[PDB]
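Encoded as structure tokens, the following chain is the form deposited in one PDB entry, with no partner shown.
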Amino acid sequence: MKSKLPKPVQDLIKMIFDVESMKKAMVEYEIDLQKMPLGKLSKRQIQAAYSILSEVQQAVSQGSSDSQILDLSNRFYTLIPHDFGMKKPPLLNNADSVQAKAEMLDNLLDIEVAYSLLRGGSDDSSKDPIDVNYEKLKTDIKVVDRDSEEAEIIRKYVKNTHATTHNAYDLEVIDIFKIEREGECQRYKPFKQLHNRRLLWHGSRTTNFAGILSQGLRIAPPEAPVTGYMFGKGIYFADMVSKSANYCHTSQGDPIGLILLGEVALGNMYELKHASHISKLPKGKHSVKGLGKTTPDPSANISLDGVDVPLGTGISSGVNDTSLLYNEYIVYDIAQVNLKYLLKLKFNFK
């Protein structure tokens, strides 16, 4: 049979299950595709690589000998083979090196999820492969009509919350998808009664979306290094589309990105101006709000189905004694997020 899914949904499935994009991402990370093909990637190996990186992070802060750091570096490259070619393997002896490798592992974890979903399941012929891969996402995906009131609100949110400092590109909404992850409604239900529910942005690389749709937004595993997380291991969101759009890591070569709109149950926010490098919340607080110098104009805030949409144009906040240019929101429980929309964006670079 032929797929009855709308063309934009079919194009989304092709985009998130693109094997060539998975291979190109591994080539960019300088992974040796002969020693470590896409089909050889495993959960166990990525888990053990995170543990090695945490040992490196501990050794660097402890002030361990260069011989122990070299041994941990060598063990990491043995577990994740790299092909540097003309270069000596960079030593993992600083915070920047461990963070670049932890970023690679986060992306490899979701690439492994996408490839294992794609290669799994009943390899029959009765159903269209696009329908088969659609079902592997365990997510209901519907197209939001361009002429709808919903689409108008979302386009206004994209237009008004583009930061002045992120002038490398213009954003254009291609498609708006309404999404419903299986079991997420039931999971979110206890938090639906928490106050201060906001519709916020979450950007990520396109190669992570098969993992995000099938498993939802997740928190970094305990084995992962604690470094590089301004407010600890949690799920981070922005109220400025361009702050999250930067995490799509789109380029002139591939200017099509995916961004989420999630309803997040913030409750009582723990308002911070500087890095806390801690995941523990004070009693009675349900989230962290990192305070930026620029905030969406609160007078243009709208309430949609009991959820605040801060689609106001970026104005000065009043805080100048902060390390953040824009706000960010962090929750430490995966159940405090209900994914609502998925946008396909065109990045028009200057």
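Basically, rigid core = biggest C-alpha set you can superpose within 1.5 Å across the two forms. Numbers for residues come from their place in the sequence shown, where the first is 1.
Just so you know, the form deposited in another entry exists too; it's not on screen, but the next bit is about it.
Undergrad: After a rigid core superposition, would you say the CA of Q45 moves by 2 angstroms or more between this form and the one not shown, or not?
TA: Result for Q45: no, shift under 2 Å.
Undergrad: Using a superposition on the rigid core, decide whether the Cα position of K87 changes by 2 angstroms or more between this form and the one not shown.
TA: Yes, the C-alpha moves 2 Å or more.
Undergrad: Once the core is aligned, does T295 move its Cα by at least 2 Å between this form and the one not shown?
TA: Result for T295: no, shift under 2 Å.
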